[PDB]
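Computation of the quantities below employed the complete heavy-atom set of this structure, encompassing side-chain atoms and omitting hydrogens, waters and symmetry-equivalent molecules. By convention in this document, chain letters (A, B, ...) are assigned in the order of the sequence lines, proteins followed by strands, and residues within each chain are numbered from 1.
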Amino acid sequence: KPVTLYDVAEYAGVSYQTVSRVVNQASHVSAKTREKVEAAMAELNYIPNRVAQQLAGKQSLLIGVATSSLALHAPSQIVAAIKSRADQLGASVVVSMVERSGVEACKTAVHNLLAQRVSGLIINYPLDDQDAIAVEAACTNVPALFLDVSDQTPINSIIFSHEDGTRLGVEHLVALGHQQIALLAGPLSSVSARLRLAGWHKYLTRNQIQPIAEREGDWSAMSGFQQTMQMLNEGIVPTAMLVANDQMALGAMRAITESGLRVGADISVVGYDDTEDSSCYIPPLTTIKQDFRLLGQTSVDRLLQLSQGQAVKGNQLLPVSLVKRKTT
Amino acid sequence: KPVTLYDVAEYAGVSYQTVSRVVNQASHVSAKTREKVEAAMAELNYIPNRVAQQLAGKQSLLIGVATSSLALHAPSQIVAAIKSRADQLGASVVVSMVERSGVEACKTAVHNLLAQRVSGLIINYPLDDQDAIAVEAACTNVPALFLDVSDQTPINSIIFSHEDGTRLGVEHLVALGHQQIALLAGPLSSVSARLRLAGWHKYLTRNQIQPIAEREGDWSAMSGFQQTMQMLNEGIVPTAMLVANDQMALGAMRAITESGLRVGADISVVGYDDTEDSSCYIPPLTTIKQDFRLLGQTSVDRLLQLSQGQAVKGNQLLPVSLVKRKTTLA
DNA sequence: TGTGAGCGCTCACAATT
DNA sequence: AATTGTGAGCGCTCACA
Ligand SMILES: C[C@H]1O[C@@H](Oc2ccccc2[N+](=O)[O-])[C@H](O)[C@@H](O)[C@H]1O
Ligand SMILES: C[C@H]1O[C@@H](Oc2ccccc2[N+](=O)[O-])[C@H](O)[C@@H](O)[C@H]1O
């Protein structure tokens, strides 16, 4: 049985409360008293049983996070910025990873997070409107913030402005004089993917352009490669491609190149994310920058505000920007 | 105040213990009684406060994980396979991410994980031998498994066989007839990086070869690009490069290509990891495969065995393999 | 500074029938 | 002999003293 707060009480000549104050950096200590207590716990290697502290009522803002597999780029980047910002605010973070596809899986995840009595949830998992509303409802009394829902979902959410991203992309290709444009989208089961797809159609339409092709990948470079290969093998050869993410763009670029065409000069390409690696593709990839650090930082700040009944309900849009490189 | 075990007690006509039995799938229930209780908690949307269950003494296997930033490839892949395998074993997982560089930071992380009374720790953070031994010592009574230490560290650990990876790389370049070989290593502050560096030197030496260059990156493709550019600008132009990871290899390939040289035909390249993207680099990257799923899966199984006083102490080496692609062709 | 109380549950028994 | 209750406590935080 690990050292208790009681064990330090006698090994310091004080009570369990005296030690408590010391541990909590409380106000009103016997000055030199704290010096003695700390030495007492130091020699016994005392580590406050957080499990007991929480139950006892210690107000510790504990953020829960239901997320897509961390094996995926953006999710990992986001959780990272979340834990980082939470540590910086003295907030704790427990995360439930959802691997199985489906709303039940996400609900299971929210269930456990709730069991750990989190003071708020951050759901970074693709959810259709009613499913999101359902999840939001299951969050018994605790606030929920969503990161993978449409801007049209009636719940608290933060997402990058797909409107701005897709416009930037389309307008860039247009200003370069492209008219034969193909679209490589993320998996349709992804809300974010769908939002980008919609964004492209919206702005391509406003420029009286109709994509000469439209395929669906799964976020992986291999899918980008295969999809762009099938497209080219069907004789459909555009002069520019808008791709849902940098990784698929990479695969597209491989297919283009292994076909005898020059990325840029023959078929321009635009990616999405502006991942670290994108600046070193052959040739450097023009892309839309999504500052994941900012999303994770903002997510935590926001979930805390909500937890404090602060009037900041709704949907928030994060800025993005065009990074001009050599693929266009 | 969320629904208590007490709330179900009267909303079912039983006591808190009766409900407890039903919740824990206990032995000796009133048969139909459990049928009633379950219905009672179902209608009240009851979710057992795990915090209270743990304190009360409920024996649950909770794995703690101190790790390098999840913003890095391998660590994120590893934590994912860890959480995945733990969920599959009905084990819970809490993870403390260490961002600040240093042993104190890692100790801080272990401190918190201990505060949550985990039944074991998985440290995936670069630790020199004495620092690792120190951390291991701080793990008051609970078993610790390390993933970023040397195979020579006297503690429980699991790492990929750098010996096999570097040999595979070196022997491959040699069989292709390369003699002018440059080395691009990961950051020296990384144990894993150093192990690979050592491995290359070891096997290059056994083939009577001396690298004509040896630079250090930081795992990022940009570092791979910059380092390989400085190297080429100094007039040092090898015929093959061994790179500590696929991302730096990417940067190297960019530098090689933007220099008028053909990756493969003029300067061969070998990476490390066999990341998903590596199969789609221009041209496809020959690399050393490190099965991160396997590492995370094995780590959990192993930490649990240790937790059960199973005699499996020491260091374990995981296999790796060479993935031949196009960067070492012609 | 001490004291009382409790957080939600698990134990260990006891207590029902 | 089945089933239920009862007592106690887990480690700490509160509220007071
Ligand atoms: C920043 C956005 O990134 C999307 O990121 C995704 C998700 C998985 C793999 C790659 C990408 N991507 O963009 O390249 C998320 O689905 C969305 O919920 C939001 O987190
Ligand atoms: C599988 C191995 O990967 C190494 O991975 C690293 C670590 C950070 C960024 C990239 C890589 N990498 O290999 O490309 C770890 O340092 C080592 O502890 C172990 O986890």
Choosing from D:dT13, D:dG5, C:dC9, which nucleotide comes nearest the side chain of B:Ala52? C:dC9
What is the distance from OH of A:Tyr46 to P of D:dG11, rounded to the nearest Å? 10 Å
Is any side-chain N of the basic residue among A:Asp87 and B:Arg100 closer than 4.0 Å to the acidic one's carboxylate O? no
B:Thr33 side chain: which of C:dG8, D:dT13, D:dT4 is closest? D:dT4
To the nearest Å, how far apart are A:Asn49 CG and C:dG8 P? 17 Å
Here the distance between atom P of C:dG8 and atom CD of A:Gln116, to the nearest Å, is 17 Å
What is the distance from CZ of B:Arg50 to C1' of C:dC9, rounded to the nearest Å? 13 Å
For B:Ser20 and C:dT10, is the shortest distance between a side-chain N/O and OP1 or OP2 below 4.0 Å? yes
Salt-bridge criterion met for B:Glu99 and A:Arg293 (N-O under 4.0 Å): yes
Taking the side chain of A:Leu55 as its heavy atoms from C-beta onward, which of C:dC7, D:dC10, D:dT13 lies nearest to it? C:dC7
Looking only at side-chain atoms of B:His28, point me to the closest of D:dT4, C:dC9, C:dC7. D:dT4
Which nucleotide in the list D:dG5, C:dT10, D:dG11 gets nearest to the side chain of B:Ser15? D:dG5
Taken to the nearest whole Å, CE/A:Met41 to P/D:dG11 is 16 Å
Complementary nucleotide of D:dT13, counting Watson-Crick and G-U pairs under 3.5 Å: C:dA5
Judged by atom type as modelled, is there a donor-acceptor pair below 3.5 Å linking the side chain of B:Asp7 to the main-chain atoms of B:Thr4? yes
Taking 4.0 Å as the cut-off, does a side-chain nitrogen or oxygen of A:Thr18 come that near to OP1 or OP2 on C:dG2? yes
B:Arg34 (side chain) donor-acceptor with B:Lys32 (main chain) under 3.5 angstrom: no
Rounded distance in Å - CZ (B:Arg117) to P (D:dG11): 8 Å
First of A:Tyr16 and B:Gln17 reached from the 5' end of DNA chain D, by closest nucleotide: B:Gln17
Is the ring pair A:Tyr16/A:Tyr6 parallel, tilted or perpendicular, if the boundaries are 30 and 60 degrees? tilted
Send over the distance from B:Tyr6 OH to C:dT10 P, rounded to a whole Å. 11 Å
B:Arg21 has an atom CZ; how far is it from atom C1' of C:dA12, in whole Å? 12 Å
Contact class for A:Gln53 vs. all strands (heavy atom < 4.0 Å): base, sugar-phosphate, or nothing? sugar-phosphate
If we call it a pair only when both distances are under 3.5 Å in a Watson-Crick or G-U wobble match, what pairs with D:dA1? none
